[PDB]
Trainee: 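One structure follows; several queries about it will come next.
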Amino acid sequence: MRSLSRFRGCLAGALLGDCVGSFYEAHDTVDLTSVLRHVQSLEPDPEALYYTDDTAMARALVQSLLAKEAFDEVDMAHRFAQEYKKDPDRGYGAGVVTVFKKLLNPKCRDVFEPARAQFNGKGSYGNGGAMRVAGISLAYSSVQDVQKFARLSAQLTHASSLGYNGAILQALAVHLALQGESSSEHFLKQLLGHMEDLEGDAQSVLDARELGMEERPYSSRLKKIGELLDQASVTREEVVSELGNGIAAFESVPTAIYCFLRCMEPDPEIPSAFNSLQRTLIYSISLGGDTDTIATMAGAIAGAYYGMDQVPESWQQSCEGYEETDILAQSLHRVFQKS
Ligand SMILES: [Cl-]
Ligand SMILES: [Cl-]
Ligand SMILES: [Mg+2]
Ligand SMILES: [Mg+2]
C-alpha cells in the first residue's frame with residue numbers, strides 16, 4: 001500500500017474508535033454482544049455517530065499544523081480553546097476545561113502556563129494529550145521530531161511527564177505503524193528503547209515517584225504487553241488489572257497498543273467476518289473504562305498500519321465529519337509527505 005492510504009486510514013481509524021467507543025465511555029463493564037450489535041447496526045438491511053473531544057481536538061491539531069505548515073504552539077492553543085468555546089459539550093474531561101478557560105483570557109501571553117500550573121504545578125497526567133496526537137506523526141517523518149512535537153503539542157494541556165510521555169508513546173506507535181508490517185516483538189522493542197530513555201529523565205522519575213508508582217510506568221507496561229502476547233489466553237480482567245482502561249495516560253496508551261498488537265490475530269469471540277482493524281476497535285471498546293479514547297488511539301495505530309483497505313465504508317460513512325477527516329488526511333500527505 002501507499003503512504004497516502006495509511007494517512008487516510010490513520011485518521012479514519014481514530015474517528016471510528018471515538019465515534020463507536022463514545023456510547024460506552026466510563027462504563028466499568030461492557031457486554032461484547034452489545035458492542036457487536038452496535039457495530040453491526042452500521043450495516044443495516046436494504047443519524048451519524050457524533051465524535052467527541054478526542055476527534056475535536058485531533059481536528060484542531062491537524063488544522064494548526066496545516067495552517068502554519070509546522071508546529072506552532074500559539075496557533076494550536078488558540079484553535080483548541082476556540083474549538084472548545086464553540087462546541088463545549090462534546091464530552092471533554094473536567095480537568096482540561098479549566099485550561100481552556102485560562103487560555104481564553106486575553107492576558108494569557110504564555111500558552112504553556114495554564115497546563116503547567118494545573119494540579120498545584122504538577123500538571124495533568126490524563127490521556128487528553130495522546131488522544132489527539134496522531135497527526136503529529138503524519139506531519140513529521142523523523143523519530144526525533146515526532147517525540148519533540150508530540151511532547152510540545154501535549155504540554156499545551158497536559159504538563160506532567162506522565163501525561164506528555166503517554167502522548168510521545170502514542171505518536172511513536174503511530175510513527176512505527178507507518179512503516180507497516182512488523183512482528184509484535186520488533187514493534188515493542190523499538191517503543192521500549194525510546195521510553196526507557198525518556199523515563200530516565202529527572203522530571204519523569206520525579207513525577208512517577210510523586211505518584212508513588214515504583215516508576216517506569218510506560219516501560220514496565222511495554223514489557224508486560226510482550227508477556228501478555230505470549231500467553232494462550234488473556235482475560236479482559238487481566239488486561240485491565242495489568243495495563244488498565246483508565247483516563248490516566250499510563251492506564252490507556254499501553255492498553256491501546258496491546259489491543260493493536262493482540263488483534264493482529266483472530267479472536268474466537270469476535271465473528272470471522274470482521275477484519276483486523278474492526279476487531280481492534282471491537283476488542284478495545286469491549287475492555288470498558290475510557291472506551292472512546294482507548295479506541296481512538298488503537299484506531300489511529302491500526303489505521304496507519306492497515307490503511308484504507310480495512311476501513312469499512314459502512315462504518316466510516318456512519319461517522320460525523322468523515323469526509324472532512326479524509327480531506328485533512330489527504331492535505332497532511334500533500335503538505336508534509338509528498339516532497
Ligand atoms: Cl489512498
Ligand atoms: Cl528533565
Ligand atoms: Mg471523548
Ligand atoms: Mg474518553
Side-chain angles (χ1 to χ4, degrees), residues 25-26 52-54 56-57 60-61 71 73-74 76-85 88-133 136 147-171 195-221 243-255 289-290 292-294 297:
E25 191 178 20
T52 71
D53 59 315
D54 303 63
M57 287 197 89
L61 177 137
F71 179 72
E73 61 209 34
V74 170
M76 195 176 294
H78 288 171
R79 282 178 203 271
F80 282 170
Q82 289 297 314
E83 164 55 19
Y84 172 76
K85 175 161 186 169
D89 293 344
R90 288 244 179 220
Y92 293 90
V96 71
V97 173
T98 63
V99 166
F100 299 144
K101 295 194 186 211
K102 277 162 159 200
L103 289 179
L104 286 154
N105 194 320
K107 305 216 289 177
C108 186
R109 303 138 127 175
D110 173 11
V111 304
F112 294 114
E113 177 56 331
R116 174 99 256 15
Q118 199 160 46
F119 304 115
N120 269 246
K122 298 173 272 95
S124 177
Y125 55 82
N127 61 18
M131 74 183 184
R132 67 183 182 228
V133 82
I136 294 284
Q147 297 183 174
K148 186 185 171 168
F149 296 111
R151 185 172 307 98
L152 290 161
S153 69
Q155 290 170 318
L156 298 174
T157 52
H158 285 71
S160 174
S161 56
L162 288 166
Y164 57 79
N165 286 339
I168 291 164
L169 179 49
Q170 178 54 16
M195 307 308 297
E196 264 155 351
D197 170 49
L198 289 179
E199 303 190 305
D201 285 343
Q203 190 65 69
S204 286
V205 182
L206 287 160
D207 295 350
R209 197 154 307 200
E210 205 174 32
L211 271 295
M213 314 185 24
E214 77 84 56
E215 315 168 342
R216 300 220 172 65
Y218 287 99
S219 302
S220 57
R221 285 180 168 80
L243 308 176
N245 62 343
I247 291 165
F250 43 86
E251 285 185 17
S252 51
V253 177
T255 302
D290 194 353
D292 78 315
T293 309
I294 292 179
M297 293 193 292

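Side chains are part of it too, since the values below use all heavy atoms of this structure and drop only hydrogens, waters and symmetry mates. Position 1 is the first residue of the sequence, and the numbers go up from there.
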Trainee: Under 6.0 Å from the CG atom of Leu198, do we count more than 12 heavy atoms belonging to anything else shown?
Mentor: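 Buried by this count: over 12 neighbours within 6.0 Å.
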Trainee: From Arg216 CZ over to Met195 CE, what is the distance, rounded to the nearest 0.5 angstrom?
Mentor: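 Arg216 atom CZ to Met195 atom CE measures 10.5 Å (nearest 0.5 Å).
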Trainee: Quick check against the 3.5 Å criterion: does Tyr164 have a side-chain atom that pairs as donor or acceptor with the backbone of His158?
Mentor: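 No: the side chain of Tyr164 does not pair with the backbone of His158.
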Trainee: For a 4.5 angstrom cut-off between non-hydrogen side-chain atoms, does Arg132 reach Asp53?
Mentor: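 They are not in contact (no side-chain heavy atoms under 4.5 Å apart), so the answer is no.
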Trainee: Identify the two heavy atoms, one from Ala150 and one from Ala171, that lie closest to each other, and give their separation to 0.1 Å.
Mentor: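 Smallest interatomic distance, heavy atoms only, reads CB-CB, 3.8 Å.
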Trainee: Between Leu211 and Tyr125, does a side chain to side chain contact (heavy atoms under 4.5 Å, CB included) hold up when you go through it step by step?
Mentor: CA-CA 10 Å; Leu211 271 295; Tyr125 55 82; 3.6 Å; yes
Trainee: Can you tell me how far CD1 of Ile294 sits from CD1 of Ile247, rounded to the nearest 0.5 angstrom?
Mentor: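 Interatomic distance, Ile247 CD1 to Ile294 CD1, rounded to 0.5 Å: 10.0 Å.
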Trainee: Answer whether the closest heavy-atom distance between the side chains of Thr157 and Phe100 falls below 4.5 Å.
Mentor: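 Yes. Closest side-chain heavy atoms under 4.5 Å.
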Trainee: Would you find more than 12 non-hydrogen atoms of other residues, nucleotides or ligands less than 6.0 Å from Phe80 atom CZ?
Mentor: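 It does: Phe80 CZ has more than 12 such atoms within range.
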Trainee: Where is the tightest heavy-atom contact between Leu162 and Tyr218, given as atom of each residue plus distance?
Mentor: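 Where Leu162 meets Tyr218 most closely, the heavy atoms are O-OH, 2.7 Å.
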Trainee: Output all residues satisfying side chain to side chain donor-acceptor pair (under 3.5 Å) with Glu196, sequence neighbours left out; order by chain, then residue number.
Mentor: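 Listed in chain order: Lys223.
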Trainee: Would you say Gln170's side chain and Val133's backbone share a donor-acceptor pair under 3.5 angstrom?
Mentor: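 A pair under 3.5 Å: no.
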Trainee: Is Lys148 atom NZ crowded by more than 12 heavy atoms from other residues, nucleotides or ligands, each under 6.0 Å away?
Mentor: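 No, NZ of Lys148 has 12 or fewer neighbouring heavy atoms, counting only those of other groups under 6.0 Å.
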Trainee: Taking all atoms of both residues into account, what is the closest heavy-atom pair of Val205 and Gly200, and its distance?
Mentor: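 Nearest heavy atoms, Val205 then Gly200: CG2-O, 4.0 Å.
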Trainee: Can you confirm whether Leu152 sits close enough to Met76 that some side-chain heavy atom of one is under 4.5 Å from a side-chain heavy atom of the other?
Mentor: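 SC-SC contact between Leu152 and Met76 ruled out.
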Trainee: When rounded to the nearest 0.5 angstrom, what is the spacing between CZ in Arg116 and NZ in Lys122?
Mentor: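 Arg116 atom CZ to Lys122 atom NZ measures 10.0 Å (nearest 0.5 Å).
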Trainee: Taking the side chain as every heavy atom from C-beta outward, state whether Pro254 and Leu169 have any atom pair closer than 4.5 Å.
Mentor: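 Side chain of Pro254 against side chain of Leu169, heavy atoms only: contact under 4.5 Å found.
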Trainee: Rounded to the nearest 0.5 Å, how far does CG of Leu103 lie from CZ of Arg79?
Mentor: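 One gets 14.5 Å once the value is rounded to the nearest 0.5 Å.
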Trainee: Search all heavy atoms of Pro217 against all heavy atoms of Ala208 and return the closest pair with its distance.
Mentor: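 Closest approach of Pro217 to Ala208, heavy atoms only: CD-CB, 4.4 Å.
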Trainee: Does anything in residues 91-115 form a side-chain hydrogen bond (donor to acceptor under 3.5 Å, both in side chains)? List the pairs, not counting sequence neighbours.
Mentor: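 As it turns out, the side-chain hydrogen bond (donor to acceptor under 3.5 Å, both in side chains) pairs with a partner in residues 91-115, which skip direct neighbours, are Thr98-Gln118.
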Trainee: Rounded to the nearest 0.5 Å, what's the gap from CD on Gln147 to CD1 on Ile136? Could you check?
Mentor: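 So the gap between those two atoms works out to 12.5 Å.
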Trainee: Run the numbers on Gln203 and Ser161 for side-chain hydrogen bond (donor to acceptor under 3.5 Å, both in side chains), then give the verdict.
Mentor: CA-CA 7 Å; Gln203 190 65 69; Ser161 56; 5.5 Å; no
Trainee: Between atom CG of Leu243 and atom OG of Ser252, what is the distance when rounded to the nearest 0.5 Å?
Mentor: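 Here the rounded value is 10.5 Å.
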Trainee: Has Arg151 got a side-chain atom pairing as donor or acceptor with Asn165's backbone, closer than 3.5 angstrom?
Mentor: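 Checked: no pair found.
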Trainee: Testing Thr255, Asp290, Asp54 for side-chain hydrogen bond (donor to acceptor under 3.5 Å, both in side chains) with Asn127, which one passes?
Mentor: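 For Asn127, the side-chain hydrogen bond (donor to acceptor under 3.5 Å, both in side chains) check succeeds only for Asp290.
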Trainee: Relative to each other, are the rings of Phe149 and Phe71 parallel, tilted or perpendicular (30° and 60° limits)?
Mentor: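 Tilted.
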